[PDB]
Structure formats: C-alpha cells, structure tokens
C-alpha cells in the first residue's frame, strides 16, 4: 500500500493505492491526531505528504515520509485526473479553492502560481457562521442552496435603471449592495449564506478569467473541497466562467489532486 496525503488548513485528503485500486478518504484537519494514529498502524510501502499540516503528520509518525510542495503536487495529480477523465488540455488555469484560493497557470509542461486570494471555503464557513451561527458544514451549505440573493445583491441594471448600461445589466454590480435598499425586507439565513457563496464564487471566477486572459488560455479547471455539497458554488462559478468566454472544468476527485500528486512526484 502506497499513501499520499494532502493535509490542508481544513481537510486532510488521503489517497491509498494498492494495485491500481484507489481509496479516497477525507478527514478533518482538527482530527489530525487520528490520521497519525491510523498511519502508525498501517503497513505502508511509501508515504508522501503535502499541504500546510504535512509537518505535523511527519513529526508524529514512526516512518520516513517524502514531503512535497502543494502547488507542484496539486498540478501533478490534476494532470493525472484530467487525462484519466478524457480531458486533453494543452494548457489551463487551475483554481484551487481550498480554505483559501490559489491560482495557477499550467503551460502544458509545468505550473506557475499566478495569483491567490483569501476568498474560498474558509470564508464560506467563517463568514457563514457569523451570519447564521451554523458551524456544521453540510447544514451550512444545504441551507444556502435554498437562498435567494435578490434582496442582498445589486445588479448593474439596478444602478443604470432605464438607461443602457456599458456592461451587461444582469451582472452583479455590488455584492451585498442591495441590503440598504431592503431594510424592511428579510435577510434570512439561507439568503445571507447564498450571498456569501455568491461573492466567493464571483471573486474566484473573476480572478481566474483575468489570469486566463493574461496567460492566453481559455481553459479554467476548478478544484478544491469547497465545491463538495455546494451546487450553488459550482453554478455561480460555471455560469460566470462561460459568460466571460472561458471553458470551466470540474474534475472527479479534483479535491484529491494534491494527495494523488504527492504519490507521483519525484
């Protein structure tokens, strides 16, 4: 058994390989001690680590472990997954929407980090909590899928009214910009959470399309566990990527790109 681990800020992704049978396992980073205990009882032929919490694992386990930089690991694993799933992309932006968001240009050969932003899954959870008091991820995301953003977000057409706007009227002009115009109207937990997801999605996508233009690629691959149990986030991102003339791709087990990559790096 070969094991790759991407121990990130919020989730630990574990890939176990045995004779080309893969196991994909998610654990909370808060439960890292259990991952360590588990590892110490396993028969491991090779162990590769990546992510911010790789060191916490390495220092507490009884076996050697190779450690890799998460950006290279993510790129390597993502390339593997893309090819397995029948995407032959000459080049692409990849946006890793984790606790935070890291943006990369893959030129066909190697990755380069071309940007990043603190709008990601961490913000969804944290700001989500401040606005709703919900700490449970599944509960938080499920609720948001039922939300309406109309009373919260301001569109271009709301600013331009009955005049022709210089960019499309349906675009978000200001996230949370309708709130002060709806002070009688209600800001239900679902509606508020949908708007949080909305801003995070729009920001990530905006950054991704911008660097896509900069590096002259139309392909944008979105990965990260922030897309799990969040159809709304996937939709916000997908729709706006398409609107901007780019091609969005999601990847089966994309959140495990780093963990897979760690196993296959030299």
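Between two forms, the rigid core is defined as the largest C-alpha subset superposing within 1.5 Å. Numbering follows the first chain given and starts at 1.
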property	result
Between 180-188 and 68-76, the one whose CA atoms sit farther away in 4 other deposited structures of this protein (rigid core aligned)	180-188
Higher-scoring stretch by recorded Cα B factor average, 238-246 or 13-21	13-21
Given 194-202 and 211-219, the range whose Cα B-factors average higher in the PDB entry	211-219
Largest Cα B-factor, entry values, listed residues 175, 101, 150, 76	150
Residue, from 93, 183, 156, 144, that the PDB entry assigns the highest Cα B-factor	183
Record-listed C-alpha B factor of residue 167: chain third	middle
Residue 227 by Cα B-factor - lowest, middle or highest third of the modelled chain	lowest
Cα B factor band for residue 55 (lowest, middle or highest third within the chain)	middle
CA B-factor placement of residue 125, once the chain's modelled residues are sorted into thirds	lowest
Residue 119, C-alpha B-factor rank within chain (lowest, middle or highest third)	lowest
